[PDB]
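Protein sequences, first through last, are from chains A and B.
Going by this note's numbering, the residue at position 29 of the first sequence is 106; the numbering climbs one at a time, nothing skipped.
Going by this note's numbering, the residue at position 9 of the second sequence is 19; the numbering climbs one at a time, nothing skipped.
Note that the Cβ used here is the ideal one computed from N, Cα and C, for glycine as well.
Structure, as structure tokens:
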Amino acid sequence: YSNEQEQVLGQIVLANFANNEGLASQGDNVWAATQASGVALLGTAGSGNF
Amino acid sequence: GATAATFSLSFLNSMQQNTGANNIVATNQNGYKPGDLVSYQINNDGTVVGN
């Protein structure tokens with residue numbers, strides 16, 4: 078901002094899967110979660126396994 | 011107007027160790043919202059499963 082003060086608006090979450098090859102592509106470079114891919118493990122960049 | 015659901019919350023397998031930071035591993039529950047059928051399939055073992 079103009080008052081020499083910064084405000085955080087959000088943090089982009091990232092998702093990693095048990096089986097990347099199990100994802101089902103939905104077109105326009107978009108994937109969807111499926112049983113084969115397993116449930117999405119969420120996290121932040123630079124920490125854990127991201 | 012919906013009556014609250016009474017449920018048992020389990021913290022099993024939780025550990026307190028010298029991690030880089032506190033990390034939440036898994037959260038799960040057996041409830042779900044109303045939904046209509048969007049797909050159906052027959053699995054390789056004969057089961058009919060509706061998504």
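Taking a Cβ-Cβ threshold of 8 angstroms, the residues of chain B close to residue 125 of chain A are 33, in chain order. DSSP places residue 93 of chain A within a strand segment (E or B) once states are collapsed to three. DSSP, read as helix, strand or coil, puts residue 104 of chain A in strand. Here residue 60 of chain B carries a strand assignment [DSSP, helix/strand/coil]. Shown here, residue 99 of chain A sits in a helix according to DSSP, grouped into three states. The alpha carbon of residue 100 of chain A has as its nearest neighbour, out of A:115, A:82, A:86, the alpha carbon of A:115. Scanning its chain for C-beta atoms nearer than 6 angstroms, with the 5 sequence neighbours on each side dropped, one finds around residue 50 of chain B the residues 60, in chain order.
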